[PDB]
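J.: Following this message is one structure expressed as structure tokens.
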Amino acid sequence: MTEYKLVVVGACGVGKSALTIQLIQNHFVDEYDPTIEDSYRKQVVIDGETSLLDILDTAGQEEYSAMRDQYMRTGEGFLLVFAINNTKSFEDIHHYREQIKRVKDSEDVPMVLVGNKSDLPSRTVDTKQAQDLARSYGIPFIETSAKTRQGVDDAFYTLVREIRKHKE
Ligand SMILES: *CCC(=O)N1CCN(c2ncnc3cc(-c4ccccc4F)c(Cl)cc23)CC1
Ligand SMILES: Nc1nc2c(ncn2[C@@H]2O[C@H](COP(=O)(O)OP(=O)(O)O)[C@@H](O)[C@H]2O)c(=O)[nH]1
Ligand SMILES: [Ca+2]
Ligand SMILES: [Ca+2]
């Protein structure tokens, strides 16, 4: 039925590929090529409605390109991923949201804030601080672990729900 282009963004090392490969292939990768950018496709039923998801896992370099902008424009929703043990990656969220706003030429873009690595005890970003950030953005916040699979489906499916809400 409906096709959704989902884009997974966030700093290096936060778990973007690990989340995406869990969702698609149902295993946890311990180290995956940090530069590679690929898309993945999956059909899922969400709220009784079949959804064909096309998921772009971002990586590459810390640089502007017209080519990356082109692909980011195709996205209909974005996962803003940080790691709960990496404060810099949380500080970086703001940058990704701003660059999304730029390429979509919209401040109302479907997004979900994802705090990954929830299985690690050594947390440095409090749930409250991330919840307050998500509240300021008007988006959901979901804690995940690509390692245990806690919240992985929920994060992607909540982003599809956000895209559906926005399209109406
Ligand atoms: C370790 C490799 C990795 O995961 N990344 C490389 C650095 N990336 C990155 N660095 C800075 N800026 C961005 C900006 C974007 C972006 C551009 C336009 C719209 C939306 C958007 F997120 C991206 Cl895709 C990656 C950047 C990515 C992480
Ligand atoms: N403990 C833990 N490690 C994770 C989790 N997600 C990713 N990692 C690890 O963190 C590192 C970076 O993951 P990766 O998916 O390559 O990050 P990316 O640069 O954002 O794509 C790898 O060692 C992964 O195994 C998680 O939820 N829990
Ligand atoms: Ca990656
Ligand atoms: Ca909103």
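All residue numbers here begin at 1 and follow the chain in the order shown.
Keep in mind that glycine also has a Cβ here, set from the backbone N, Cα and C atoms.
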J.: According to Swiss-Prot, which residue out of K104, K147 bears the annotation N6-acetyllysine?
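T.: Record lookup in Swiss-Prot returns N6-acetyllysine for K104.
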J.: Among 32-40, 41-49, 95-103, find the range that Swiss-Prot records as motif 'Effector region'.
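T.: Swiss-Prot lists motif 'Effector region' for residues 32-40.
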J.: Using a Cβ cut-off under 8 Å, which residues of the same chain at least 6 positions beyond either end of the motif 'Effector region' (32-40) come close to it?
T.: 12-13, 17-18, 20-21, 23-24, 54-61
J.: As a test of the contact definition, list every same-chain residue at least 6 positions from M1 (N-acetylmethionine) whose Cβ is closer than 8 Å to its Cβ.
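T.: For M1 (N-acetylmethionine), the qualifying residues are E49, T50, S51, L52.
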J.: Between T2, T35, which of the recorded positions has the fewest other CB atoms within 10 angstroms in the structure shown?
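T.: Relative to the other recorded positions in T2, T35, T35 has the fewest Cβ atoms within 10 Å.
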